[PDB]
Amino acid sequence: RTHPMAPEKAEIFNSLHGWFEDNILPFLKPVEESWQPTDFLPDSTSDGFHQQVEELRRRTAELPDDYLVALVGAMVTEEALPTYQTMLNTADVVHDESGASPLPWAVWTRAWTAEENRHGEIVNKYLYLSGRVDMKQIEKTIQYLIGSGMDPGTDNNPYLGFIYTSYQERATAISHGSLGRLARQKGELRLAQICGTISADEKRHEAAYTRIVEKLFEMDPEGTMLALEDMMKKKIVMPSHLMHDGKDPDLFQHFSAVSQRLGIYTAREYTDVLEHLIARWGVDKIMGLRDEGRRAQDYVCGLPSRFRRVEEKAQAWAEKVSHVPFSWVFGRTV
């Protein structure tokens, strides 16, 4: 671990229980008011169930393979949810000590996980009914991914975990948002509504974790700045970066290329998230830092300009697109 949390910082999180209840918990959507996968699937209690399923298969029959790979990979990432609640519960002090702790930090993690459980569920059933993808190869991919876990480099530090999740929540909101807009272009409005509804959930989660880091910047500007530098040096990795389907050892890299080729969370948008978080957290305006925090502040604020220069060179000399087989789509070359 390169950046473990100092033990005395426990007093910061232990003093925020009342603040967390008033400011972070309201970002949760009440269960009785929340959408469920049933709302977007054919009604199995209706006499027209078979007709509704057939209409689903017709509207999905024209989805190209490259969109299917991008959609499946995002769903596979969502389906590895048990790894994500475990990751949140690796953070010191704020983790769920008993599995049902009434502390506000643990109440959020369980309720956040409960909201997350519906995201992979709706797309999985939708893709199952579509018949357009090899569900067994996808289910093997999910089993491999959960067994592999993830390594975001958070070092059991809630500072790093909340910064990482703030980054990935916006990334996942952009991803599901782009997946819905691409579905809309292909005439598939229901899946567009599904992806847009999932994206709206991620925006609420983004605002909550972003508010947590904002509070940490207020109470500990030095610690949070050093944590932000450490996460950006490690880079924000996608939680499903160890995915493989038992056929392609480089499944994640190949899926990522297809997803970014379609405009779903490109490298340019990775930099857009950093610029937004810099402006939202006011990283360039934080005062009262020491020399170590000042170097971290200058490092983070200098990253956007360096990233744009890499993107300009990639715009002129881009690598040729390679097409590779995907077991998700029955081994066809995508």
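Start at 1 and count along the sequence shown; that's the residue number.
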query: Stretch with the higher entry mean CA B-factor, where the candidates are 320-328 and 7-15; finding: 320-328
query: 248-256 or 74-82, whichever carries the higher mean Cα B-factor; finding: 248-256
query: Assigned third (lowest, middle, highest) for the C-alpha B factor of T154; finding: middle
query: Relative C-alpha B-factor of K186, binned into the chain's lowest, middle or highest third; finding: highest
query: Ranked against its chain, the third holding the CA B-factor of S98; finding: highest
query: For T266, the third of its chain into which the C-alpha B factor falls; finding: highest
query: Chain-wide C-alpha B factor ranking for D39, given as lowest, middle or highest third; finding: lowest
